[PDB]
Amino acid sequence: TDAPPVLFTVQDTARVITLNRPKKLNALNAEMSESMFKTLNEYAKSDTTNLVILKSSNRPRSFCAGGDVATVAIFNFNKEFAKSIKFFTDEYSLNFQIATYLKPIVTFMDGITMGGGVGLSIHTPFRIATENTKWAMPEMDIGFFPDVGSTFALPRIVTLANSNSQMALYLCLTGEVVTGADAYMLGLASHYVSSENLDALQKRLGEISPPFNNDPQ
Amino acid sequence: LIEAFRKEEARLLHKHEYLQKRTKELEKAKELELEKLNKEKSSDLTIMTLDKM
């Protein structure tokens, strides 16, 4: 009866995953993570799905404002540590699945991509940014650590002043927000596409298919 | 003739009991089969749905 937290749809041979928690800026809870993790395993087995597209239904307001840590805090105050460990096992397992996924995943970072949102894009070779992109890792102000494999990605993908992870440490320790073109130039975003062009891009992604006897992997 | 009348009555009564037992079995099997059909599988995640609407 209630609107599902994550909506799954078919786009020709592309499968679109849309985060559907607009009031929470698409915050990721255990339910969302579990649903996406299970549905991605099915798409990996399927021979009719060529690529996946992870987007939000709230763009350009936000793509993912971060994992739902406020709920994890209440668990700690209530000693519901089993619930908290379930939230992180689901989220981190989904970030590991995306990183090692054999089919192309294309994340549309059209909006605030902070925290868990970074985990949804940092692990994909096709992480598209827009003028509305706002990448940040504001965990140092909440007392947490740089999670979602950001300590394995940022030290390996940043482009400038990252010979010894200097820039990676600057973003993770200061929580600086990077916006649009700057995210693309730093290596946080693989591509820079105008938000107006995302609809057209989505359609083209659904229409392309591996040629002859080549699999999508 | 006495054996014929008593065997026929026994057969008729035994046939009613067998039908009742058989029907109940079939009914139980149908419920089980239907329950398996309604069981959610992992493949169901790949079937698009609009439950709310």
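We number chain A the same way Swiss-Prot does; the residues here are 34-250, in that order.
Using N, Cα and C of the backbone, Cβ positions are placed for all residues, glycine too.
Quick look at what Swiss-Prot lists:
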BINDING   A:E124, A:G149, A:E172, A:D180  substrate binding site
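Of all the binding-site residues listed (A:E124, A:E172, A:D180), A:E124 sits in the most crowded Cβ setting, with the most other Cβ atoms within 10 Å.
A:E124 (substrate binding site) falls within a helix when secondary structure is assigned with DSSP.
For the substrate site, whose annotated binding residues are A:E124, A:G149, A:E172, A:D180, the maximal Cα to Cα separation is 16 Å. Counted within 10 Å of its Cβ, the other Cβ atoms near A:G149 (substrate binding site) come to 25, all protein chains included. Those residues of the chain, other than A:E124, A:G149, A:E172, A:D180, with a C-beta within 8 angstroms of the mean position of the substrate site C-beta atoms are A:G99, A:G100, A:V102, A:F121, A:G148, A:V151, A:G152, A:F177, A:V181, A:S183.
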